[PDB]
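Given next are two forms of a protein chain, the same chain in both, each as structure tokens and marked structure 1 or structure 2.
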Structure 1
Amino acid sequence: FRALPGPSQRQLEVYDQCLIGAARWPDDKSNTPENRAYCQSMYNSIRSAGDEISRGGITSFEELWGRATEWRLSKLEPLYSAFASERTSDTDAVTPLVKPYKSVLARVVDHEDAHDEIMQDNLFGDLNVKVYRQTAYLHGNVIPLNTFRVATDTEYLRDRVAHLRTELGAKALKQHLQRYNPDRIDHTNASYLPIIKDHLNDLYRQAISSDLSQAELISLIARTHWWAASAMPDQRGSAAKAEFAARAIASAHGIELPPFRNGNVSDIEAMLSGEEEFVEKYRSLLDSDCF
């Protein structure tokens, strides 16, 4: 193809490098030694991958996702397999909305696109819930992605959770709450990963062309970020990988993306919006202020 500019000589200030890939929950780690280092490591590996991208050394999004995974893996451990494996279609992916995701609860309850449904549970019964349903549109067809659930009948919950503990046992209850916690995220069905990965490859292929306005480039990057994160392709570490890939693509063009603002967790911000919506706000999620 045609070599790109590659990472810029003018680098981010060190305190920003140390915030790359951080998870700055508005309700809370990013200041710790190990996280600063982890973030500076990500910033550096992104530039390394960027150099390669600019030279035509990484020809597929899958290849780039592979580089991101290798990096994240070197930062690890029995959970190794989870961070290294893709999600298989014979499974479901669920993230309970518990620490450190508490800030998400409110984001779902007060979301403009949220609605009230009834969530039947063979233990708690039918529960009233605020529901946000992330969907995407590819090739003319809707494809449901992540679904957020937050139960409102709190009182009933705390009391009922109690009786169950003693009736079924903590062990069994936890086994159940781990998958069907009243407040949780049911992630994009693994069955869509094949079609989505192919799409990510087309976005990548386009973001690798040397003739694009900066604006177009940023939007392409925000899109790629949205798809990669919302799809949550791997069993573990998808957010980290999605951000790595986005930044790398940017770095390959000489763009030095700043860290995400405090309070803005990129993957969560993505799962809470539609594609265009996220693309239009992407810039504002990034801390690009001088002072």
Structure 2
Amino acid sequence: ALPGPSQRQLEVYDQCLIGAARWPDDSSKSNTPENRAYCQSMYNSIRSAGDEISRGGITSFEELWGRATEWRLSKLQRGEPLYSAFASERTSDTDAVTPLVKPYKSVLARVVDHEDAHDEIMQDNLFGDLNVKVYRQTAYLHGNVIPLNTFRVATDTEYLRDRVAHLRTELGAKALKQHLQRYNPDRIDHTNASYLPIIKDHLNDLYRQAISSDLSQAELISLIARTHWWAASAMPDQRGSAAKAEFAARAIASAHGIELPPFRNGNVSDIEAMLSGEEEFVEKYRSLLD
């Protein structure tokens, strides 16, 4: 038995920020209607899942993820085409790339200015050799250090500005876009699906620890961050993993009566997780909040 959701709640203002994607750049997404509702609901469901966790109703990360997923699928517009992707685990031969474009363009800077980014040369069938700033996210798992997400940000701006206009016309928009869907010089090549089994087992191990009844506040926050970190960086599902990961992290916190405030504006949790190392993330977790 754990405390369960606290009696004292966040302000309704903050409840409408829980689960929001507050990109530092674009900030015209407070469309109260949908978004503020979505957030409020995520906030309620998180406390509910927390309550189930404190009562043994949820007994594994896998189950919490399941709860987060059904909550997430419920916010989809009816007849939504991506519905299946939101309900499905990523597989080897399933999309694994995210072209760094809007609303992700603020990523580019962070990769380039990344204390841990390194200059690399990329071989491209369309642009040729490109200088790319590269951040390879890695994780420690039982002694095996594995590659999670890899960020690429082409650094030869001018040259690219040209070539693309060139190629767009020389090959036509459709072709070029299809190509950039996977090989956009500015992209995130995500965690290989083949690592999802051990990562999920790891997540279940983190969960089991996290529901301990004698954890200091320090240990607890650390476990929540790590869980948040692994779920988000792993991007277990074809769609909505970021929402599911935040959902899970906060439910676990709520199980202990911790009422986590929303992430700071400009602070998009999963991106912050993907851009960091696990220990770094754990250390900066609190500062990413309220």
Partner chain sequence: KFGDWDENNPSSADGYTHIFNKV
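Between two forms, the rigid core is defined as the largest C-alpha subset superposing within 1.5 Å. Counting starts at 1 and follows the sequence of structure 1.
> Do you reckon the form solved without its partner chain is 1 or 2?
It is the second structure that is the form solved without its partner chain.
> Picking from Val94, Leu138, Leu168, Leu105, which residue has its CA shift by 2 Å or more between structures 1 and 2, once the rigid core of the two forms is superposed?
With the rigid core superposed, the residue that stands out is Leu168.
> Please report, in Å, how much the Cα atom of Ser209 moves between structures 1 and 2 when the rigid core is superposed.
Here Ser209 registers a C-alpha shift of 1.3 Å.
> Superposing on the core, what C-alpha displacement does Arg236 show between structures 1 and 2, in angstrom?
Displacement of the C-alpha, rigid core superposed: 0.5 Å.
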